[PDB]
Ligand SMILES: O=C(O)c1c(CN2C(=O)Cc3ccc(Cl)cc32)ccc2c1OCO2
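Next up: just one chain, as structure tokens, the form deposited without this ligand.
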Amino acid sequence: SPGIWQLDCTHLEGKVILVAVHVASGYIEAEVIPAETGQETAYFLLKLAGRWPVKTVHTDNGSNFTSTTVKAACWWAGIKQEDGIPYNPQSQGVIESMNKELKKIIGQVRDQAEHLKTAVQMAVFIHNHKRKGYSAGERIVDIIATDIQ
């Protein structure tokens, strides 16, 4: 499970926030895109996999699962592309809670930037650094390092 990630798409201000969540740690990366296309999703996964050791991605919906551009990115980056069916129903609730948390943080910073993308990156920073006591950023590094060793 050190290599498992989950995609998540949420909406704000008539734009799309694409999120990848490292399941085991709750660490996230995110970007603002005008719309959630296969090409946007593919590029996002390519970035993610160059930065972290991404073994498996649970796609956020059936369109991204189906997308041959997304499949091409997963092939390129050596990622196992999987569906995102919540066989464990707790997954649904976790993601919904996360989207609510992120939107709350974006609200708290929204006046510190003109553009939504800046606010989203501020929210990523706050989420990943928040101690709950370790932070998600500490947890992901410890989980992966333990795996390497």
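Here, rigid core means the biggest group of C-alpha atoms that superpose within 1.5 Å across both forms. In this text, residue numbers run from 1 along the sequence as written.
- Once the rigid core is used to overlay the structures in 4 other deposited structures of this protein, the stretch among 88-96 and 54-62 whose CA atoms lie farther from this form is 88-96.
- In this entry, the higher average B-factor at the C-alpha atoms falls on 32-40, of the pair 65-73 and 32-40.
- When the C-alpha B-factors of 10-18 and 123-131 are averaged, 10-18 comes out higher.
- Comparing the listed residues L116, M98, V54, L46, the entry records the largest Cα B-factor for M98.
- In the PDB entry, a CA B factor belonging to the middle third of its chain's modelled residues is recorded for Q81.
- Ranked against the other modelled residues of its chain, the C-alpha B-factor of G50 as given in the entry falls in the lowest third.
There is also a form solved in complex with this ligand; it is not shown, and the following applies to it.
- Within 4.5 Å of any heavy atom of this ligand in the deposited bound form lies no heavy atom of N88.
- Contact between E101 and this ligand in the deposited bound form is found at the 4.5 Å heavy atom cutoff.
- When this ligand is considered in the deposited bound form, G26 lines it closely, a heavy atom lying within 4.5 Å.
- If you take 61-90 and check each residue for a heavy atom within 4.5 Å of this ligand in the deposited bound form, you get nothing at all.
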